[PDB]
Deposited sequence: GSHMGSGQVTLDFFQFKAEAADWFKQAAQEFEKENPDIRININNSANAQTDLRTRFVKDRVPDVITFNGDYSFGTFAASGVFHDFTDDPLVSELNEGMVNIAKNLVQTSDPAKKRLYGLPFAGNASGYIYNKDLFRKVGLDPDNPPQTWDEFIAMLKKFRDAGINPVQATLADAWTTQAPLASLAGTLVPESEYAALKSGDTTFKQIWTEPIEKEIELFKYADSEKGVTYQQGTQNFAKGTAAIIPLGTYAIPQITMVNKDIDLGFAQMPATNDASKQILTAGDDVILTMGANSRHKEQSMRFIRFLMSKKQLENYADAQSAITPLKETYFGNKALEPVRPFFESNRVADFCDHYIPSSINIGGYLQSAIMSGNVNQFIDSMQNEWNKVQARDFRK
């Protein structure tokens, strides 16, 4: 048989191509075509995933023997993404394959240039902003923006909201006991502040920005762990770090936004379920998982967490202490153009217009 493998992740295209070919060598009865439900699917762990899960597009993995070896936190993330109001319908419709974190990637060599300690990034908002001013004052571009790709603007919001806005607030928001004005004003104000320290053309693509950063022209790029491989492929010698973006001056209560970066699933109505499951068990072996995590600087979904790049060391404490949070935008319906509104808020500085757009679309 031939399996249709829908693979969402641009940054990992080569890894999955090679994994599939390796699987084919050992399984001559199975061919894998990488892109009528596809048989095997990778999807980002977000609202869209949850909506397709609730509609029955995906196989129900809840009882699968593979689950017991997985990080329970990541499994529950996947289950809670299901877009349903019935607690009982929060079933597992995919397997966590890799985790991420949102914050910022920084150039350790530029840290050293201005006397900052590359192993101890800023712990508070004031210290974070002083760091950017310090880079500017020293003649270094502090922040590489990538606004032409709207989704990238969601990262600093998600990072910041991770600490400022408890996930419980989204239930209060739906029931109308709170508002975007009340919960997202401070995150968006600070995201605007952040990008005032982008001293180069802000309106460039994700690829352009990752190229710029790799070539040493910016101190930080405020994206999550998923961007690391895009950077290292442009310059293998870049000395990179990854850090939590501190949203307040309460150093003791900082939280790291972190989610299921890749969920691996199967089409509920595949005609080749046995073969599909065989490929999925191959991808979910520890060996493959850690190999993937090394290639993509990701976090494995096994109970004994493996970090794929030493750049992630500064955020290890957040994971160990369970001081993490899922992305704010996982509570925002896909029909709401959050990306577009955010890119307008960042460029224009018009907070009122951003909040009202979010609130009115939500209310509807």
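K.L.:
Write out the missing regions of the deposited sequence in sequence order, one range per stretch.
P.N.:
Deposited residues absent from the model fall in 1-8, 44-59, 389-396.
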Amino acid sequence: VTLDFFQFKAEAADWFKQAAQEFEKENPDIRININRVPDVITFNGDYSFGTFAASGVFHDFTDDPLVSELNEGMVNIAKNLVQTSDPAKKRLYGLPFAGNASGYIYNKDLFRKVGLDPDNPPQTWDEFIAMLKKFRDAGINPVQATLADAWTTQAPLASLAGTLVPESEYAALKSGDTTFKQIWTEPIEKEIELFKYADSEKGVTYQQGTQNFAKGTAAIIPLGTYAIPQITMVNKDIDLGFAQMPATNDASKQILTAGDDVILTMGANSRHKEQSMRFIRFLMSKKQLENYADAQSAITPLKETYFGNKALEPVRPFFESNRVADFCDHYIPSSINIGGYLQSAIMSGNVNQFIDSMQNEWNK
From here on, numbers count along this sequence of modelled residues.
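K.L.:
Higher average CA B factor in the deposited record is what I'm after, so tell me if that's 93-101 or 140-148.
P.N.:
The stretch with the larger average C-alpha B-factor is 140-148.
K.L.:
Can you let me know which of the two, 45-53 or 317-325, has the higher average C-alpha B-factor in the entry?
P.N.:
Comparing 45-53 with 317-325, the higher average CA B-factor belongs to 317-325.
K.L.:
Can you pull the Cα B-factors for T124, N71, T210, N235 from the entry and say which is highest?
P.N.:
Top of the list by C-alpha B-factor: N235.
K.L.:
Quiz for you: based on the deposited Cα B-factor, which of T62, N35, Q296, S334 is highest?
P.N.:
Of the options given, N35 has the highest CA B-factor in the PDB entry.
K.L.:
For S200, return the chain-relative third of its C-alpha B-factor as stated in the PDB record: lowest, middle or highest.
P.N.:
Its C-alpha B-factor belongs to the highest third of this chain's values.
K.L.:
Sorting by Cα B-factor within the chain, modelled residues only, which third would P222 end up in: lowest, middle or highest?
P.N.:
Lowest third, going by the recorded CA B-factors of the chain.
K.L.:
How does the C-alpha B factor of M284 compare with the rest of the chain: lowest, middle or highest third?
P.N.:
Ranked within chain, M284 CA B lands in the middle tercile.
K.L.:
Could you say whether, by C-alpha temperature factor, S357 belongs to the lowest, middle or highest third of its chain?
P.N.:
It belongs to the highest third of the chain when residues are ordered by C-alpha B-factor.
K.L.:
Taking the C-alpha B-factors as the PDB entry records them, is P229 in the lowest, middle or highest third of its chain?
P.N.:
Answer is middle: the recorded C-alpha B-factor places it there.
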